[PDB]
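Notes for the structure review
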Amino acid sequence: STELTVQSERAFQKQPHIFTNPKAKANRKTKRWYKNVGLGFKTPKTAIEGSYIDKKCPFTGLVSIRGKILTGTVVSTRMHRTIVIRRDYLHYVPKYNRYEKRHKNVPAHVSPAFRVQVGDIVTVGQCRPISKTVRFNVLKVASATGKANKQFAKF
Amino acid sequence: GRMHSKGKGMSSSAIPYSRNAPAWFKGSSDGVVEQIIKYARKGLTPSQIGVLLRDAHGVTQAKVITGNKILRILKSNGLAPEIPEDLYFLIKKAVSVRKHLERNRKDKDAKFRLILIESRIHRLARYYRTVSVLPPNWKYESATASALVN
Amino acid sequence: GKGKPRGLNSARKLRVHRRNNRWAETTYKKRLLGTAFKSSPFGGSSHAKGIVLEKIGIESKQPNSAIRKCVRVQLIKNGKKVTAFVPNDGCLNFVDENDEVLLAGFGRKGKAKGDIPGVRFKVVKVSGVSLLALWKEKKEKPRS
Amino acid sequence: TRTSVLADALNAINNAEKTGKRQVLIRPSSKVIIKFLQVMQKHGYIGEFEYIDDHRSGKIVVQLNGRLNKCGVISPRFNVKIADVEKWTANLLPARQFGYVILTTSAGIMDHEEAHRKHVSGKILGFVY
RNA sequence: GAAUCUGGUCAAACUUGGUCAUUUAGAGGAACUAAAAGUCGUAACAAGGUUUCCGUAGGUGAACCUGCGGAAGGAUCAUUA
RNA sequence: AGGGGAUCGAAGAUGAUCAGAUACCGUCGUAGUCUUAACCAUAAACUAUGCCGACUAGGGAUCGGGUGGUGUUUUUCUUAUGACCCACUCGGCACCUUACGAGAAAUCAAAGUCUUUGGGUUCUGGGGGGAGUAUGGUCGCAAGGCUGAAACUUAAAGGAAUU
RNA sequence: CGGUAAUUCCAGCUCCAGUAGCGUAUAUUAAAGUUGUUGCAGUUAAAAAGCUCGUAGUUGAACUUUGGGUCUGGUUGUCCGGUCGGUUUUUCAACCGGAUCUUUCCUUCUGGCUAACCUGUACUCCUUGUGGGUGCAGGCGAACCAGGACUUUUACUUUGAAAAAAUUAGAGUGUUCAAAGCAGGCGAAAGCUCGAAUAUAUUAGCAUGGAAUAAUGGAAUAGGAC
RNA sequence: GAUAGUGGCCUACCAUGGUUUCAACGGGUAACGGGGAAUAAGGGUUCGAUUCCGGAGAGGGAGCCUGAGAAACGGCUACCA
Ligand SMILES: [Mg+2]
Ligand SMILES: [Mg+2]
Ligand SMILES: [Mg+2]
Ligand SMILES: [Mg+2]
Ligand SMILES: [Mg+2]
Ligand SMILES: [Mg+2]
Ligand SMILES: [Mg+2]
Ligand SMILES: [Mg+2]
Ligand SMILES: [Mg+2]
Ligand SMILES: [Mg+2]
Ligand SMILES: [Mg+2]
Ligand SMILES: [Mg+2]
Ligand SMILES: [Mg+2]
Ligand SMILES: [Mg+2]
Ligand SMILES: [Mg+2]
Ligand SMILES: [Mg+2]
Ligand SMILES: [Mg+2]
Ligand SMILES: [Mg+2]
Ligand SMILES: [Mg+2]
Ligand SMILES: [Mg+2]
Ligand SMILES: [Mg+2]
Ligand SMILES: [Mg+2]
Ligand SMILES: [Mg+2]
Ligand SMILES: [Mg+2]
Ligand SMILES: [Mg+2]
Ligand SMILES: [Mg+2]
C-alpha cells in the first residue's frame, strides 16, 4: 500500500544490491529493478514507474510466486501494506447429499502497485512466508473502477 | 398474497396482448413524448402522468405508442426525481404516521402500523441500493426523513 | 411441505437440527453425558467385586408374595453400597458376612428385574467360586 | 411464492390423471417443462400438447391418453454421478423393466437410459411411469 | 587452560496469598420414588351430587375453596319472523 | 405512585347448612373492579390445526366490491340516484352433501394431491413418572417469566371407538 | 407361575435346540420409518412459538440458437453362413458420434511446412477416355508447433492422472478340504515354463470433454464496439 | 538480532489491527490421527489402546553435551515426587 512519502522511517529504504552510480548521470537518475512474475501474469506500469520500495512485492521485491494461485473478494484493507481475502466455497456433507456454505479468510500482501478497496475481487499467489499468517501476495485486482466512469445519474 | 396483512386479493390491471398501437389511435409518438415532458415540468409523478394519458387522451400505455416507459422518458430528458416515486410516497406516509404519533401517544395500533411502513421502506431502500438508483449509503431515519418529504 | 428444509444448500441446518434432536434419544444421551461412569454403581463395567455387609430378605412387589433373599454388598472399586439378589433355592446360605462376591447386572440394562424392588444385580461368585457350581455340588466353598 | 414451476406442472398433471381427465391446463410454462413433456411424449406417456402464448410466462394444454400413472419431480436437483443413477432408479421406479428418471445433463434433458447410452450425467429432475 | 567470577538467558522449583475446576467430610433442612390391610376426609370420573379445566391473586388441615378473565376437552352444534 | 371509588366483590367479618363446613347458600365488606403515569409477558392467549404457493367436487347461502340486465319499485312528469330482483364475477366469515381421497378412529375440501414416499421454508416431539422440579444464567421493585437437567423410578400413561 | 390335580418351583423319566461347544453380564449394530437425507411424527396419542415485524440462513416467475438439410465414421440385431462350434458383406435397422450448409464462427493473430491440390506449368506413360502422375512462379493452411495478445467468473458433470502395502471386492491355483498361502505346472520326467491379475475409495487439489440446470458479468452522464 | 534457513521467532520504533451466529473464544472427551473394524437392501450407526503409516513420551518439569542427526533419558545436569 505505502501511502505517500517513500523515505518515511528510521532506515533508508532501497532495493538491495541495486546501484545508482552518482558520477555518470542517468535518465531515470535512480535505477529501478523489477521482474515479471510469470504464469501469464503482467507486471503493472505502476510498479515500474513508481517510487515506492517493498521487499515483499512480487514485482519489485525479493519474494517469488510459486505453488497455489487463489481468487476471492476483499474483506479488509485496514492493516498497512496487507489485506484480508474472503474465499466462499461449498462443503459437501455426504449423509444429507447437500452443501454447507463455508468461509476461510486468507490474509495476503498488497504491493503499493495496486489500488484495493473492500469488495474488489483479487487474484493472489502463494509465496515464501512473509509474516505470522501471510503466505500470499496480491497479483491482480479484478474490480478495476466499479462505477467510477458514470457515478452520477444525470444524462 | 400481500406483504404485511393477512389479505389475499388478486385485483390488478390486465395488459392486452398487442404491443402495437391501437388501430383507432392517431396522433404521434413525438406528441405523446412532448405531453409527458410537459406533465413532468408541471410537477407530476410517472403514475399520475400515465393515468392522465389514459384518461384525457388516447394513450393506452406509453410503451405501446412511444416505445419507452414513462420513467425512462423522464430520465432521458433529465426529470426523474432524487428519490424514486414509490419510495418517496412510502416515506411521506411514514412521516404522517410519525406526526400523528407525536400528537397522540396511546395509539398502539398506529405505532404498529408505523413499524410495518418503516420495514417496507427499508426493504425498498435495500432494493434501490442494489440497483444503485439511490447513492450507496442512503439511509432513512426521522428528522432526515421529514426533510426529504418536505 | 414437510417440516425439514430440502434445498440443495441446506445441509448445515439438517446436521445441526439432527444433532439437537439426538439428545431426546435416551441411550445416546447416556453415552454422551457419560452417566455410565459418573453415576451407576458399576463404573460402566460388566461385573464388579464387593464385600458382603449383610444378608437381607426383600418382600416382592404385588401379584406376587415371597421373601427374595438378597445381599447388601459394598463394592471394592469405589465403595458404593448395592443390593444384590442371590439366585436359586438354597444359595443364600453359601454367602455369609464379610465375604468377597462377584456381581453382574440383572439383565435389564440398569433397571430392576421382575418383582424384586430396588435390586439391579445378581450374585455370580462367592469367595472365588461360582454359585451355580456350588448349587449343583460340583465344587465346595473354600472357607473365607 | 411459486418456487418451482415444473413441480407445479407435474402435480397438476398427476391430479388430472388421477381424476380421469383427458386434458390439463398448466399455467406458468418454461423451457424445462416443455423438455420434460417432450420426453414423456417420446415415450408415449402423453398425447399432443400445445403452448398458448400469453406474452408472459405461457400456458400449456396437455392431452392425456391415460397411460401415465405418476409423474413427480424430485425437488432439490441432486447432482447425480453416473454410478449413482442406478440407486436413484432402484428407489424411484416401480420396476426394473420400465419407467424413466429424467435428468438434466449438459448434453440436454433426457431419460436415464438415454443418458447411459450417451454416457453423460448431471442433475436429476423428475420421473415418469 | 582448571577452580573461581561479573552480567545475561532459558528457567525447573520454593514462601505467602488469590483464582478456576473437580472432588470430599457435612450439624441440620426440604424433596421425590418404592411398598401401598395405617390416619383424616372425599377432590376428580355420572350434571361425581357446587359442570369440569386454565391463567392469575388471596385464603386455608388436607384434598381444595373463592375472586376476575378465559376454554368445551359440556350437561347445549336449536327459537325462524 | 397519583385521581376515582356507584356496582360487584380474593381477604375478612358474619348468619345458616352439616358429624365437621373459616365450602357451596345468605348478609356485609377493605384490595381489586374505572382511570393516569409506569411495570408485568402469561391463559383451554384454542380452529388445541405455523406461514407462503399450486392443483383436485358439487351445492346453496351470506358480507365487501365490481359488471350486465327496456327486471321491480320509488316519482317531482323522462327521471337520476337509492332500495330491491336476476345472472355473472373477484375477496371474506362460514356452512350442506357426497368422498372417488386421507385417517387409529372421531372425523377432514383439507387433516386431500405421502411405501405411486422430494413446491419453499421456520418452529416443536421421541414411553410414563421424577418435573416445568434442581441448578446456572438472564429479565422483573416483587409476584414471577424465559431458559432447563440428572440420579432414581416404572410396564405401561395415553388416543379413538365397543358391548 | 406358586394359596393341595403346579405342563412355569425342586427332582425322575421322556423330549427339543445348538453341539466341542452352549449359557450369563455389560456395551454396541441390525431389528429402529423408536433420530427419519433417503424416511417419522405435531386437531384428539409427545409436539404449531399468543401474535406480527425482522438481520443471518435456506429458498425464489418466465425470457436469449431453435429448427431444418447435406454428406460422413462407427454397433449391434438382422440377410445367408459368403464358411473350417467360429468368420464377411449386402437388403436392412435402431443407437452413438464427425464434418459441414442453413441471416451462424470454433479466441485472435506474429510467424514457422502450407499436408494437400482451387491449381495448370510440358500435357500425356496411354482401352476409342478425364482410369492414371513425373511436376513447379500466384496460393486453399488445421496436418502440427512457438510465441504473443488477453481470455466474465463459478457451481455441476466427464474421462484421465494421482487416493502406500495389508484389509475389502475379485482372477488364477486340488494348502488332501477349508480358513489360508502366493504359490505352482509340465518334461526326456537330462531341463522348460505360466504366474504373483484386475476393481473400488467419490470429501480437497490437479487434467480435459460438455454447456442443460443454477448463479454471476457486460452498452443507459456510452468514458460502448469496430 | 537470532536460526540451517523463512517468519513477532525475538528486540527497537511505529501503526490498530486479527478471529467470530457460515459458531470465534471457552468447556468436555471414559480423544492419539489415519489405513481400517463391527454391522450389512439402499442410505447409515458405532468402534479404531492394538501387527502398516504418521505423531508424541520414557515418574514429572526444565536445561544441555556429543554428533550428519537427539533438546536422547537402556547420555549427562538440576529441581519436585
Ligand atoms: Mg395470489
Ligand atoms: Mg413476510
Ligand atoms: Mg366429590
Ligand atoms: Mg364437583
Ligand atoms: Mg389430553
Ligand atoms: Mg369467607
Ligand atoms: Mg359459619
Ligand atoms: Mg357469598
Ligand atoms: Mg404458553
Ligand atoms: Mg397452543
Ligand atoms: Mg420422556
Ligand atoms: Mg377414552
Ligand atoms: Mg404336581
Ligand atoms: Mg439401533
Ligand atoms: Mg414416531
Ligand atoms: Mg397434546
Ligand atoms: Mg428460474
Ligand atoms: Mg476375499
Ligand atoms: Mg487420552
Ligand atoms: Mg478416535
Ligand atoms: Mg489408532
Ligand atoms: Mg486409554
Ligand atoms: Mg512407570
Ligand atoms: Mg529427556
Ligand atoms: Mg529402560
Ligand atoms: Mg531409547
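Structure determination for this entry is recorded as cryo-EM, at 3.46 Å resolution.

1. A few points about the UniProt feature "domain: Small ribosomal subunit protein uS17 N-terminal" (unreviewed entry) in chain A
The sites that carry the UniProt feature "domain: Small ribosomal subunit protein uS17 N-terminal" (unreviewed entry) are, in the present numbering, residues 7-70 of chain A. The span residues 7-70 of chain A shows a helical share of 8% and a strand share of 3%, and its end C-alpha atoms are spaced 33 Å apart.

2. Looking at the pairing of strand β4 (residues 100-105) of chain C
All names here are of chain C. Across five bridges, strand β1 (residues 47-56) lies against β4 in antiparallel orientation. When the sheet's bridge partners are listed, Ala 48 is paired in β4 with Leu 103. Judged from the five bridges that link them, β4 and strand β5 (residues 121-126) form a sheet pairing that is antiparallel. Within the sheet, the bridge partner assigned to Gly 105 lies in β5 and is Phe 121.

3. Focus on the sheet that holds strand β6 (residues 123-128) of chain D
Residue and element names in this part refer to chain D. Taken in spatial order, the three strands make up an open sheet running β5-β4-β6, and their pairing is antiparallel. A single partner strand is all that each edge strand has here, and the edge strands are β5 (108-111) and β6. The average angle at which neighbouring strand axes cross in this sheet is 20 degrees, direction not considered. The sheet contact formed by strand β4 (residues 100-105) and β5 spans four bridges and is antiparallel.

4. Considerations on the packing of helix α1 (residues 29-42) of chain B against helix α4 (residues 70-77) of chain B
Residues and elements named next belong to chain B. Interaxial distance between α1 and α4 falls to 10 Å at its minimum, and their mutual angle equals 75 degrees. Considering the angle they form, α1 stands roughly perpendicular to α4. Here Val 33, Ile 36, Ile 37 and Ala 40 of α1 lie close against α4, whose contacting residues are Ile 70, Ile 73, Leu 74 and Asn 77. Here the contact of α1 with α4 is built from residues that sort into seven nonpolar, one polar and no charged.

Procedures and definitions
- Numbers on residues come from counting from 1 along each chain's written sequence, not from the entry itself, and any residue without coordinates is not displayed.
- For this description, chains carry letters from A and ligands carry numbers from 1, given in the order in which they are written.
- All values in this description refer to the chains shown, which are themselves only part of a larger assembly.
- No hydrogens and no water enter the side-chain calculation; it runs on all heavy atoms of the structure.
- UniProt positions are given in the numbering used here, feature names are shortened, and annotations may be inferred rather than shown by experiment.
- The numbering of helices and of strands both runs from the N terminus, where a helix is a DSSP run of H or I of at least 4 residues and a strand a run of E of at least 2.
- Only strands joined by at least two bridges in the DSSP assignment are considered to pair.
- Interaxial angle, 0 to 180 degrees, is taken between N-to-C directions of lines fitted to C-alpha atoms, where a helix line uses only the stretch in contact.
- For this classification, under 35 degrees means roughly parallel, over 145 means roughly antiparallel, 65 to 115 means roughly perpendicular, and everything else is oblique.
- Throughout, a contact is declared for two residues whenever any of their heavy atoms are within 4.5 Å.
- In the scheme used here, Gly and all other residues not listed as nonpolar or charged are polar, with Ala, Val, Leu, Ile, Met, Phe, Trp, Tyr, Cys and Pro taken as nonpolar and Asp, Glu, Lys and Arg as charged.

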